[PDB]
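Here's a solo chain for you in structure tokens, the form deposited in one PDB entry.
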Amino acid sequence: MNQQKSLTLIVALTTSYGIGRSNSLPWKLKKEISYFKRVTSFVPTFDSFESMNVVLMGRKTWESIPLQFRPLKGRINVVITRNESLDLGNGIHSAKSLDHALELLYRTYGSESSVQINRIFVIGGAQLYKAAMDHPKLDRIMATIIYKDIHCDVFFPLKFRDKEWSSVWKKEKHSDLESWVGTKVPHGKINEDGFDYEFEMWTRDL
């Protein structure tokens, strides 16, 4: 009673797998953030009466979000921190691991709760991404590929777009991305402030 739902990782990364710098994002992509918000928030209409998605994040990531945007609005936020202490918070879930997170959510949001969980997202930390990539329930990566080798100092931990991982991870057709995401999504290269990026969806079999 815990390993029911699959997990989905969402991430914006460079062709060199760069995801962050001096604790922030090394780009300003207002439309990319907008896609992040849409994907992490989307719940099918019949279910949206009573269902919410969950965002799981590292502590370094909760801190890196501008204070004005936390908790990520309209999603159940859980911060994962090996050190369950005084950090605050208007109603804010803390777990010491990804699995302890799942147990807290299934305990807190059972049939018995007015709020029901739709999809569960891991939204980063390189270190949390690492745990997710090792988790037997992670089966989907929503990747925004940034076609510039922007200087980063934090990297996504597994080269999932590369030949060595290509029998495990497969990029899906764009219509399948749109099906999963529940709307039309810009297809192909988008340019916002200096460089091209594009939305991808990768899966693996559990």
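Think of the rigid core as the biggest set of C-alphas that the two forms share within 1.5 Å after superposition. Numbering starts at 1 and follows the sequence shown.
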{"query": "Higher-B stretch (mean Cα B-factor, as the entry records it), 172-180 or 23-31", "finding": "23-31"}
{"query": "Average Cα temperature factor in the PDB entry - higher stretch of 159-167, 35-43", "finding": "35-43"}
{"query": "Deposited CA B-factor, highest of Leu88, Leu98, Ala126, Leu104", "finding": "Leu88"}
{"query": "Chain thirds of CA B-factor: placement of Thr144", "finding": "lowest"}
{"query": "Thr14 CA temperature factor, ranked by third within the chain", "finding": "lowest"}
{"query": "For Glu198, the third of its chain into which the C-alpha B factor falls", "finding": "lowest"}
{"query": "Position of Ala132 among the chain's modelled residues by C-alpha B-factor, lowest, middle or highest third", "finding": "lowest"}
{"query": "Within-chain third of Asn2 by Cα B-factor, per the entry", "finding": "highest"}
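Not on display, but discussed next: the form deposited in another entry.
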item: Displaced residue between this form and the one not shown, judged on C-alpha after the rigid core is fitted, out of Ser22, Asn191, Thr183, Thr15 (threshold 2 Å or more); value: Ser22
item: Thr45 C-alpha moves between this form and the one not shown by 2 Å or more, core aligned; value: yes
item: Flag for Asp134, CA shift 2 Å or larger between this form and the one not shown after aligning core; value: no
item: Change in CA distance between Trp180 and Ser48 in the other entry, which is 3 Å or more, as closer or farther; value: farther
item: In the other entry, whether the C-alpha atoms of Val55 and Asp47 sit closer or farther than here (change of 3 Å or more); value: farther
